[PDB]
There are 2 protein chains.
Amino acid sequence: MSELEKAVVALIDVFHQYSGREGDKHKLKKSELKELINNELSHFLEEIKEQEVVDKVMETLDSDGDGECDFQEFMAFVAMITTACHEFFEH
Amino acid sequence: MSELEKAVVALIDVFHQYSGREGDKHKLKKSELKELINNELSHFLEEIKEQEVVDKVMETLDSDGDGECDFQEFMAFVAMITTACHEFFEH
Ligand SMILES: N=C(N)c1ccc(OCCCCCOc2ccc(C(=N)N)cc2)cc1
Ligand SMILES: N=C(N)c1ccc(OCCCCCOc2ccc(C(=N)N)cc2)cc1
Ligand SMILES: N=C(N)c1ccc(OCCCCCOc2ccc(C(=N)N)cc2)cc1
Ligand SMILES: N=C(N)c1ccc(OCCCCCOc2ccc(C(=N)N)cc2)cc1
Ligand SMILES: [Ca+2]
Ligand SMILES: [Ca+2]
Ligand SMILES: [Ca+2]
Ligand SMILES: [Ca+2]
Ligand SMILES: [Zn+2]
Ligand SMILES: [Zn+2]
C-alpha cells in the first residue's frame, strides 16, 4: 500500500479506536472525543481539561445536532486539522 | 507523533509530491491528479488511462471551476476515498 493508502486506513482505525469505547459504537460522544484529542493530537492541539472546551469542539464538529461526532463529522475534523497544519508550516 | 498525526502529515506530503510538478505548485492540474491516482491509489482506485476519466474525476473534485484541484478540494477527495474504504469493509 502507498503512504496515502496507509494514511487513509489510519484515519479509519483511530476513529474506531475511540468510537467503540462507549454508547453508540460508531460515533464519538464528547468523552470519546476528548480522549482522542488528548491521546492522539497532543502535538497539534492543546490538552482538553475542561468540559466547556470539549463542549465547544463538539459544537463545531456536530453538524446534525445529535451531540456526537459521526464518521462524516470526523472526516471534517481531520480536514480542519490537516488544513491548519499545512498552513502553519508555510508562508 | 501519533499514528493520526503522521497520517495527517502524509496527506500533506502526497499533495505536495504531485502538485509541485507542473504549473501552479499548489494545485493539482489534471495531469498531476492522474499521476497521483495511478501511483498512490492503485489499491483503492482503478488505473486511469483515458483523458475522459480524469476529466470526470476533476469535474467531481473541482468546486471553484478553475480546472484544478487545490488543497481544500484534495481534502474533500481524501474524505470521499476514506468514506468509501470504511464502508467497503463493514456491514
Ligand atoms: N518538523 C516538522 N514539523 C515536519 C517534519 C517532517 C515533515 O515531513 C513531511 C510533512 C510535510 C512537510 C512540509 O509540510 C508540513 C506541514 C505540516 C506539518 C505538521 N502538521 N506538523 C509538517 C509538514 C513535515 C514537517
Ligand atoms: N525531535 C523532536 N522531539 C520534535 C521535532 C519536531 C517537533 O515539532 C513539534 C510540532 C511540529 C508540528 C505540529 O505543531 C503544530 C502546532 C500548531 C498547529 C496549528 N496551527 N493548529 C499545527 C501544528 C516536535 C518535537
Ligand atoms: N485487509 C484489509 N483490507 C485491512 C487490513 C488492515 C486493516 O487495519 C486497520 C484498518 C481498519 C480496519 C477495519 O476497517 C478498514 C476499513 C477500510 C480498509 C481499507 N480501505 N482497505 C481497511 C480497514 C484494515 C483493513
Ligand atoms: N497480502 C496482500 N498482498 C494483500 C492483502 C490485502 C489486500 O487487499 C487489497 C485491497 C483491500 C482494501 C482496498 O480495496 C478497496 C476496493 C474498493 C474500494 C472502494 N469501494 N472504492 C475501497 C478499497 C491486497 C493485497
Ligand atoms: Ca461511541
Ligand atoms: Ca453529529
Ligand atoms: Ca501543479
Ligand atoms: Ca479548483
Ligand atoms: Zn503547501
Ligand atoms: Zn466503522
Side-chain angles (χ1 to χ4, degrees), chain A residues 1-17 19 26 36 40-41 43-44 61 63 69-91, chain B residues 1-34 36-45 47-48 50-51 53-55 57-91:
Chain A
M1 304 237 98
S2 75
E3 284 289 286
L4 174 50
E5 288 165 332
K6 301 182 189 207
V8 162
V9 172
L11 303 184
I12 299 157
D13 286 346
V14 247
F15 177 80
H16 287 147
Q17 174 163 195
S19 70
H26 231 191
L36 187 155
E40 315 299 338
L41 297 163
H43 298 103
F44 295 175
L61 297 191
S63 300
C69 179
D70 69 11
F71 188 86
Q72 184 175 37
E73 294 164 338
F74 180 69
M75 292 292 87
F77 182 54
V78 172
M80 189 178 342
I81 292 158
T82 301
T83 297
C85 285
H86 171 231
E87 302 185 317
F88 198 46
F89 293 66
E90 286 177 7
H91 290 84
Chain B
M1 304 237 98
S2 75
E3 284 289 286
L4 174 50
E5 288 165 332
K6 301 182 189 207
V8 162
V9 172
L11 303 184
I12 299 157
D13 286 346
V14 247
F15 177 80
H16 287 147
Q17 174 163 195
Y18 289 89
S19 70
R21 302 191 167 189
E22 300 175 74
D24 184 325
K25 293 176 201 277
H26 231 191
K27 292 173 187 60
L28 299 165
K29 61 198 296 261
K30 287 178 302 274
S31 55
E32 292 165 326
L33 177 65
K34 174 178 168 177
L36 187 155
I37 291 158
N38 291 167
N39 295 312
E40 315 299 338
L41 297 163
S42 72
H43 298 103
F44 295 175
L45 293 176
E47 186 187 342
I48 305 171
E50 286 297 302
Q51 187 70 34
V53 182
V54 77
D55 292 340
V57 184
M58 187 61 85
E59 192 273 346
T60 295
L61 297 191
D62 177 25
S63 300
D64 61 3
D66 70 346
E68 303 208 23
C69 179
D70 69 11
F71 188 86
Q72 184 175 37
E73 294 164 338
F74 180 69
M75 292 292 87
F77 182 54
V78 172
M80 189 178 342
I81 292 158
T82 301
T83 297
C85 285
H86 171 231
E87 302 185 317
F88 198 46
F89 293 66
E90 286 177 7
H91 290 84

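All chains are named by letter (A, B, ...) in the order of the sequence lines, taking the proteins before the strands, and each is independently numbered beginning at 1.
At distances below 3.5 Å, not a single donor-acceptor pair connects side-chain atoms of B/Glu3 with backbone N or O atoms of A/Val14. For the pair B/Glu5 (side chain) and A/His43 (backbone), a donor-acceptor distance under 3.5 Å is present.
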- Task: Test B/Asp70 against B/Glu73 for side chain to side chain contact (heavy atoms under 4.5 Å, CB included), laying out the working first.
- Result: CA-CA 5 Å; B/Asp70 69 11; B/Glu73 294 164 338; 3.2 Å; yes
- Item | Pair B/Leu61-B/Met80, side chain to side chain contact (heavy atoms under 4.5 Å, CB included): steps then yes or no | CA-CA 10 Å; B/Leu61 297 191; B/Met80 189 178 342; 3.9 Å; yes
- Task: Show the numbers, then the answer: is there a side chain to side chain contact (heavy atoms under 4.5 Å, CB included) between A/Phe89 and B/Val9?
- Result: CA-CA 11 Å; A/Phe89 293 66; B/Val9 172; over 6 Å; no
- Message: Test side chain to side chain contact (heavy atoms under 4.5 Å, CB included) on B/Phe77 and B/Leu28; report intermediate values, then the result.
- Response: CA-CA 12 Å; B/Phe77 182 54; B/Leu28 299 165; over 6 Å; no
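In this view, B/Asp24 and B/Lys27 satisfy the salt bridge (charged side-chain N to carboxylate O under 4.0 Å, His left out) rule, not counting sequence neighbours. Not counting sequence neighbours, A/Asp13 has no partner by the side-chain hydrogen bond (donor to acceptor under 3.5 Å, both in side chains) test.
Taking NE2 from B/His16 and NE2 from B/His26, the interatomic distance works out to 4.0 Å, rounded to the nearest 0.5 Å. Atoms NZ and CE, from B/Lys34 and B/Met58 in turn, are 12.5 Å apart once rounded to the nearest 0.5 Å. Here CG of B/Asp55 is found 10.0 Å from CD of B/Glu50. Values are rounded to the nearest 0.5 Å. Interatomic distance, OG of A/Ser2 versus CG of B/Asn39, reported as 9.5 Å (0.5 Å rounding). Note that CD of B/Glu40 and CE of A/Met1 are 11.5 Å apart. Values are rounded to the nearest 0.5 Å.
Pairing each heavy atom of B/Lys30 with each of B/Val54, the nearest pair is O-CG2, 3.6 Å. The minimum heavy-atom distance linking B/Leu11 with B/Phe74 is given by the pair O-CE2, 3.7 Å. Between B/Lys25 and B/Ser19, the shortest heavy-atom distance links the atoms O-OG, 2.9 Å. Contact record, B/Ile48 with B/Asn38: N-ND2, 2.8 Å, taken as the closest heavy-atom pair.
A side-chain contact (heavy atoms from CB on, under 4.5 Å) with A/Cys85 is found for one member of A/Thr82, A/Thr83, A/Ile81 and no other, namely A/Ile81.
No side-chain heavy atom of A/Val78 sits under 4.5 Å from any side-chain heavy atom of B/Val78.
The aromatic rings of A/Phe71 and A/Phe15 sit perpendicular, their planes meeting at an angle over 60°, well past the 30° parallel limit.
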